[PDB]
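Just below is one structure, and these are the notes that go with it.
To find a chain, count down the sequence lines: A is the first, B the second, and so on, and within it residues start at 1. Side-chain atoms are counted along with the backbone in the values below, which use heavy atoms only and exclude waters and symmetry mates. Order of listing sets the numbers, starting from 1, for every ligand and every atom in it.
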There are 6 protein chains.
Amino acid sequence: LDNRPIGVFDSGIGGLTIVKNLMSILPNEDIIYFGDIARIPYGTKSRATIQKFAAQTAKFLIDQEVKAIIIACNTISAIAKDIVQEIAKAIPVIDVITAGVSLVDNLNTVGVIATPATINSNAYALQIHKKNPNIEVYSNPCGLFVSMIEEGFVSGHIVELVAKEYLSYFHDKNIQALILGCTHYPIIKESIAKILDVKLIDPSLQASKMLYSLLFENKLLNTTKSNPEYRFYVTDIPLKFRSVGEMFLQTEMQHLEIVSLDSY
Amino acid sequence: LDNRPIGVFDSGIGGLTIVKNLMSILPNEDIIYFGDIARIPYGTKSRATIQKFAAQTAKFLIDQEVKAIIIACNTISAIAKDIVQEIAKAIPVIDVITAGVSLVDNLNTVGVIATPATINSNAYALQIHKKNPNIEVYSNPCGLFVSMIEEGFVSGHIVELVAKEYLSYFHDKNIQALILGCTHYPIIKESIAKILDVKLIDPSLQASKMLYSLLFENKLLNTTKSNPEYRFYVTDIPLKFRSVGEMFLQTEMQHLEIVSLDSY
Amino acid sequence: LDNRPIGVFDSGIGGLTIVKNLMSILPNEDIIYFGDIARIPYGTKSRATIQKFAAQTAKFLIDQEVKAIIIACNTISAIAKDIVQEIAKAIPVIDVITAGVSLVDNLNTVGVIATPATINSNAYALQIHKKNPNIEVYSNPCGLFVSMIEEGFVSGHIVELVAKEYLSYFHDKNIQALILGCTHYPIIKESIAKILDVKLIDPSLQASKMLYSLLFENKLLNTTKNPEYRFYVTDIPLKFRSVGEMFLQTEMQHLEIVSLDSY
Amino acid sequence: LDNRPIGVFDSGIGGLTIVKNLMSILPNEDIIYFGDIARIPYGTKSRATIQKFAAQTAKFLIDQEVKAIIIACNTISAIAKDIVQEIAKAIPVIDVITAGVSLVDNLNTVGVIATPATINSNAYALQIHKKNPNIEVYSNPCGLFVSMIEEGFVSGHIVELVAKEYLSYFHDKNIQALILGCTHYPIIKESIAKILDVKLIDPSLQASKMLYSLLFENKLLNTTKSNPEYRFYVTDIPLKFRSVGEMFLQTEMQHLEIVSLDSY
Amino acid sequence: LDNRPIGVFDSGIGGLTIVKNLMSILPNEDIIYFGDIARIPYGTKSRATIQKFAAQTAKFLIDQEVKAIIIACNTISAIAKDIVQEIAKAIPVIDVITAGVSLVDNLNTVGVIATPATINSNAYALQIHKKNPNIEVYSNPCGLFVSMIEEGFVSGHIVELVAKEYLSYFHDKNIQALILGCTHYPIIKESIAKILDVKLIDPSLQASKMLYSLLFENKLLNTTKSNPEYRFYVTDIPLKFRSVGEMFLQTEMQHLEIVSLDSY
Amino acid sequence: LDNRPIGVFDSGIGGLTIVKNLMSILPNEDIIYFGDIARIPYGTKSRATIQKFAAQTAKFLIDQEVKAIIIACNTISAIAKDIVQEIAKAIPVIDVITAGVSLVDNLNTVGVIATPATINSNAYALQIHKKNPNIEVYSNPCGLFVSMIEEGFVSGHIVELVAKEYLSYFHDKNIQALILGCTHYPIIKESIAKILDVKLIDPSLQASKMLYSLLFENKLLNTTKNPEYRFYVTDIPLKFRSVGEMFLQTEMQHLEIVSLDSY
Ligand SMILES: N[C@H](CCC(=O)O)C(=O)O
Ligand SMILES: N[C@H](CCC(=O)O)C(=O)O
Ligand SMILES: N[C@H](CCC(=O)O)C(=O)O
Ligand SMILES: N[C@H](CCC(=O)O)C(=O)O
Ligand SMILES: N[C@H](CCC(=O)O)C(=O)O
Ligand SMILES: N[C@H](CCC(=O)O)C(=O)O
């Protein structure tokens with residue numbers, strides 16, 4: 001089990017940051033990244049469809065005999081965590097919403113921004129309230145942010161105006177921190193910080209640390225002496241993928257392969 | 001054959017305008033609209049994947065024994081028209097790019113805006129040049145427009161600034177007309193007209209008229225006396241679908257059903 | 001908390017009447033409707049199946065952090081009210097049977113028509129006799145009514161003949177009122193009236209009024225002045241919008257396909 | 001292999017007729033019936049849901065090691081036949097639509113009645129036209145029939161009136177035969193014949209004949225001396241289930257066992 | 001049914017060994033071989049492409065009315081087995097991975113060599129672990145072997161050196177057997193045994209035995225007096241194809257016919 | 001027209017060398033690379049198959065309205081140059097065999113190594129003997145080289161032994177130069193040199209220079225001062241970026257999976 005890869009489970013593109021994080025704390029581990037690039041975005045799809053898609057990716061990863069899964073995507077974590085856990089059986093699953101919650105559960109008043117699917121699922125408020133039901137949670141979807149960022153609008157006047165549209169909801173709420181509850185949003189954190197001067201919470205590294213602690217405590221660390229294998233399995237490769245993905249990864253996606261979920 | 005439905009073939013959401021158009025010129029015809037809502041957008045996907053998806057929708061429509069197909073989506077028309085035609089066999093296929101070309105092929109200098117997939121496919125320039133190779137064609141993708149419009153940003157300062165970003169390319173080109181080469185773009189035509197004061201070409205109604213002429217000349221008109229049947233078959237129904245779709249349709253999508261392409 | 005939605009808990013389709021009522025009497029409340037359209041009808045299924053299904057919907061609604069639940073379906077109310085309440089915990093639950101019973105507690109002879117499951121459960125008679133054992137309660141299931149109505153047979157000779165088959169039972173019972181103990185039956189009240197000349201009790205509005213009272217007493221009224229209406233369903237067949245909107249009497253604002261697989 | 005059971009795959013209740021037919025045609029075969037009684041009817045559900053459900057049943061049946069399957073339900077046959085066959089790989093699958101089509105492919109004008117789902121799927125017309133594209137097929141849903149029959153309304157004035165409502169569609173069509181394209185409809189064939197007195201085609205018996213032919217010619221017949229075993233697996237045992245089921249089966253179900261499909 | 005041919009389904013060239021084995025084990029059976037010689041190798045292609053190709057071949061074979069299929073290729077077996085079985089509905093499909101797994105499920109430590117695609121798919125390890133999750137499986141791709149062998153390098157110093165490069169991975173693994181998980185590798189088994197002298201497992205012969213068992217026990221054996229017919233369908237006849245193919249088949253291909261799969 | 005891209009037409013992988021060359025000598029030209037990665041290798045396939053495949057790629061490239069085409073692959077150039085030219089019509093086509101031949105036309109004895117298909121076609125000898133019939137041309141296919149190189153055997157004892165098997169043929173032929181008549185072979189030029197001490201002719205740069213000349217003569221040079229590089233391929237297996245980028249010597253900017261099914 002020790003020398004099996006870690007599965008990084010994404011909807012697509014923004015979860016590459018978890019790969020980056022893992023490479024910084026677990027440099028000897030093999031990683032399989034999965035992105036369902038053919039069917040993104042998930043943030044604007046129904047709960048039934050997000051669950052259907054996540055069951056397929058889960059089965060694909062389990063067939064690769066990963067030793068652990070991290071769900072990098074907040075939208076999949078919000079809506080399909082249990083579907084994924086049920087398929088993974090004895091394979092542990094770490095998720096980014098659990099990570100986010102762990103960073104705010106001593107506050108009194110918390111804001112959350114995320115995809116429409118995530119916010120409409122109510123997952124962040126529910127999970128925060130499982131820790132403490134008296135934490136005040138204010139949530140607002142930021143529907144345009146994902147496409148905006150994928151199209152390269154990552155700073156400047158457009159980004160600032162779209163952010164004002166979505167973040168003005170929080171001005172009278174006296175929040176103590178704002179959860180960046182979508183993988184894409186930390187890219188624009190500097191623009192967010194200009195509009196809403198509060199602590200911004202990015203749960204990706206925390207999620208990676210949770211996976212580190214689990215592997216360490218359970219003695220499931222890779223002890224091979226060969227170069228780690230980083231495999232990027234995706235269901236589409238459109239022309240902009242290399243450039244937008246590597247904006248998140250911060251290094252080359254050197255071993256990239258087109259796969260299909262047709263049999264899953 | 002006369003009393004079979006017309007198939008309106010979309011990627012999703014914006015092709016509903018063709019249904020509206022058809023209902024205005026062919027009020028006695030049954031219509032089946034197909035939208036692959038589960039996997040939109042197509043505008044940012046690869047050619048291989050767009051072809052794969054379009055073959056599935058084509059097979060679904062042919063199994064419903066439509067008498068004609070109109071491809072409402074510029075992205076599918078650009079990349080998968082031949083795939084669809086091959087599946088349809090003796091069933092005629094009308095497409096929106098053919099319609100657009102028919103509206104500009106006596107000009108000297110033409111601009112085109114469309115999805116990244118459409119513009120990168122080169123389909124509009126190629127098809128215009130098939131009519132006359134000496135027409136000057138200037139093309140620019142407007143990647144953010146589709147999501148922007150689906151998120152409800154349809155006028156105002158954000159729309160104007162995003163449009164300035166994409167349309168400034170045309171200011172020195174002396175174009176005689178600008179093809180609105182995506183179903184979504186006519187929604188924002190007033191904002192476009194503020195930035196680039198040229199004739200805007202919306203090919204949807206022309207495409208519908210092409211289908212009318214074909215049915216009329218071939219004596220394939222519905223002569224039943226019952227209420228026409230309008231069926232909206234979609235592969236997902238997310239929460240925003242009703243409202244955003246009916247913004248394009250301009251009337252209620254009264255008979256709506258979730259379907260699957262898994263067997264296609 | 002007062003800006004959280006109300007949850008309308010249905011088996012499917014007929015509970016849209018409760019949404020209509022709440023839109024009227026509580027025009028500034030947000031509402032989440034849940035319909036298990038994939039698995040309807042409930043009215044001809046077993047007790048244990050209805051309980052299993054209802055537990056899943058209850059868990060779904062509690063995950064949404066609704067501020068209150070109204071069980072719009074008589075069948076779920078008859079069979080699974082306790083399970084729903086156990087899942088809802090401190091979230092208040094109003095149900096349509098409690099509403100119906102409240103409208104007859106000054107009478108001495110009452111009839112009840114409902115689904116086969118509701119009648120089999122004997123919930124209406126039990127809940128009435130609990131308040132006053134001397135009230136004579138006569139019950140009769142009307143199995144075909146739900147499908148008949150969903151297929152658009154809502155007046156005319158077919159409806160009258162099916163109704164005569166189920167209602168003739170009441171002619172010699174001297175009832176002072178008939179409880180329409182299924183969401184669907186008020187649609188055909190004109191045909192029912194024709195056959196049985198008695199006061200017809202429709203518990204829908206009273207349930208909605210009880211919910212208003214509960215929100216007022218618990219200080220849970222939304223004070224805002226445009227509400228949002230979400231319709232979460234486990235299936236969307238072609239006929240769903242037409243039939244549903246027949247009960248709702250307006251168009252469904254926002255509709256989404258959801259799954260209970262994880263519940 | 002030849003001593004494994006035959007699977008009768010139903011939505012619920014009406015498929016028991018095929019069990020009855022196989023008890024007479026193949027008296028030495030073990031039979032497993034499956035009915036998804038918890039979730040019926042299928043006839044009023046979407047294509048996506050019918051396919052989801054049928055995939056779970058098919059997987060349950062394969063796990064019982066059946067040697068052949070007959071899809072007794074027209075609604076599953078119309079919408080999910082390919083899903084079922086793909087799951088039942090090497091196991092042959094006979095369906096009632098194929099049976100029905102085989103009885104009419106010599107005619108010129110054919111009527112079809114079925115559930116809303118079956119008619120909306122266009123499956124009968126499509127499959128007929130695979131054999132002879134020139135046959136005129138007229139199709140009309142009879143939505144109330146399934147519940148009406150299950151509630152015990154099987155003859156008399158109510159049945160005649162409902163039948164008049166649905167069958168009036170055919171009076172001006174000059175059909176040569178009417179396909180009773182739902183398992184339930186043969187129960188009320190005497191009433192149908194009073195209203196529309198044309199040749200009535202019952203797919204269920206022909207499906208049973210096709211299964212015999214498949215087993216006989218392919219040498220898959222059971223010749224053991226152990227008494228045949230009949231098992232009826234259902235997802236619910238509702239109120240009047242035995243009495244309604246025994247209307248179709250015409251004998252008692254000796255082993256009736258509730259199973260859950262939730263693991264599939 | 002029993003007089004229909006057996007299909008041998010290959011990527012190309014190496015599968016001819018299975019034809020050779022069936023000529024000896026089942027001398028009275030008609031055989032159709034298919035090799036996609038225009039598009040080989042499959043071993044260095046993506047999962048999505050291997051699945052696309054295998055779906056076309058499978059459809060061609062079903063159209064020849066075969067009664068059973070053996071997937072001779074480990075690469076197709078690893079990646080596209082479910083695709084093939086779903087297309088070959090009722091037709092039973094034997095695969096070489098299943099055969100290989102059946103020969104090692106009594107051991108504790110197993111090595112596997114195969115094409116890059118086969119190893120990257122994890123199929124051998126996964127399938128072994130379905131039977132016994134505690135077996136230690138060590139897998140290494142031998143990418144150059146297929147071309148090397150096809151170019152006629154089948155013994156000698158070059159073969160020994162390349163083999164040393166690939167098999168050095170196993171020297172410290174204490175494996176009890178090595179699965180020769182590619183059709184080509186048994187050709188160089190004497191060289192492999194010089195370098196890594198452990199029990200060598202050849203899936204191809206075991207697959208042929210499993211097919212005999214299936215036909216014998218299921219009564220699908222051909223007993224006609226007409227001479228067996230052998231057909232070899234290929235998508236190309238390249239330069240030295242007969243000479244290379246005859247290395248594996250060990251007799252001449254009497255009917256070798258180019259077909260196109262483009263319609264599938 | 002001068003802002004249209006150049007098309008680099010490959011079978012797959014090795015033609016990336018031509019992209020590298022053009023990035024160097026034409027730094028402001030946009031480039032579309034096409035590789036039929038799904039169906040490689042071409043070098044061991046039949047003449048008719050190579051022609052069928054090449055016609056599809058040619059049609060794809062013409063649909064993109066490239067301003068010129070360079071056939072980077074010796075195998076396509078040997079077998080399908082006429083088909084590509086017939087499809088390209090007024091779009092100029094440069095090919096690597098014409099380039100290779102141009103570099104030897106002052107010699108009298110020449111060797112050529114290439115794929116089995118290229119050598120079988122006899123294209124190099126035919127095109128050389130056409131210019132001067134007196135030049136002695138000796139040809140030998142090197143079938144294993146393409147796979148060997150793509151699998152990363154690019155130096156050392158294995159490469160030397162395979163090379164000795166194919167090149168020993170030339171020891172007694174008194175050649176003045178050897179044409180490396182396959183895109184892949186320059187990768188192992190150090191091992192080739194070891195065995196055969198003769199001038200090695202790599203036609204890649206000369207083909208790229210001929211394209212420059214053609215663009216200059218036809219007034220088709222892009223005058224702009226950041227170019228865009230698109231890599232269109234029919235498959236992307238795991239090893240593709242590593243092996244491709246070995247030939248390209250930089251990272252592929254923009255990569256897209258495409259299909260020739262409609263071509
Ligand atoms: N990849 C984004 C979702 C990312 C997230 O929610 O963290 C999408 O598919 O919409
Ligand atoms: N529906 C849009 C494309 C519409 C069009 O190109 O006309 C999308 O999927 O991106
Ligand atoms: N929706 C009806 C029951 C409604 C009611 O009992 O109030 C059903 O599922 O049978
Ligand atoms: N059992 C019926 C369908 C039977 C059939 O279509 O043959 C239902 O579930 O609606
Ligand atoms: N024919 C080989 C694969 C053979 C096998 O994996 O068994 C290829 O195409 O790469
Ligand atoms: N790409 C090589 C041929 C390269 C060349 O001949 O220049 C192949 O497909 O075999």
Return the closest protein heavy atom for [atom] as residue, atom name and distance.
atom                   : value
atom 6 (O) of ligand 2 : B:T75 OG1, 2.7 Å
atom 5 (C) of ligand 1 : A:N74 N, 3.5 Å
atom 9 (O) of ligand 2 : B:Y42 N, 2.7 Å
atom 1 (N) of ligand 2 : B:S11 OG, 2.8 Å

Quick one: [atom1] on [X] to [atom2] on [Y], what's the gap to the nearest 0.5 Å?
X      : Y      : atom1 : atom2 : answer
A:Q127 : A:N122 : CD    : CG    : 9.5 Å
A:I37  : A:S11  : CD1   : OG    : 8.0 Å
A:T115 : A:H184 : OG1   : NE2   : 10.5 Å
C:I97  : C:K81  : CD1   : NZ    : 8.0 Å

The test is side-chain contact (heavy atoms from CB on, under 4.5 Å); show your working for B:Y33 and B:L249 and say whether it passes. CA-CA 11 Å; B:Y33 169 86; B:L249 181 58; over 6 Å; no
Atoms in ligand 2 with a heavy atom of B:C73 nearer than 4.0 Å: 3 (C), 4 (C), 5 (C), 6 (O), 7 (O)
Those atoms of ligand 2 less than 4.0 Å from some heavy atom in B:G43: 8 (C), 9 (O), 10 (O)
Out of A:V146, A:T183, A:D10, A:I40, who is nearest to atom 7 (O) of ligand 1 when you count heavy atoms only? A:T183
Within a reach of under 6.0 Å around NZ of B:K20, are more than 12 heavy atoms found that belong to other residues, nucleotides or ligands? yes
Looking only at distance, does B:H184 have an N or O less than 3.5 Å from an N or O of ligand 2?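 N/O-N/O distance under 3.5 Å: no.
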Below 30° counts as parallel, above 60° as perpendicular, anything between as tilted: where do the rings of A:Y185 and A:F145 land? perpendicular
Close approach, C:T115 and ligand 3, non-hydrogen under 4.0 angstrom: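 So C:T115 counts as touching ligand 3.
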Yes or no: does C:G12 have any heavy atom under 4.0 Å from an atom of ligand 3?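 Yes, that is the case, since the closest heavy atom of the residue is under 4.0 Å from the ligand.
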Any chance you could lay out the salt bridge (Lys or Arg N to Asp or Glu O under 4.0 Å) test for D:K240 and D:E150, step after step, and finish with the verdict? CA-CA 9 Å; D:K240 301 221 284 213; D:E150 287 181 4; over 6 Å; no
Return yes when A:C182 approaches ligand 1 closer than 4.0 angstrom through a heavy atom, no otherwise.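 The answer is yes, since A:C182 has a heavy atom less than 4.0 Å from ligand 1.
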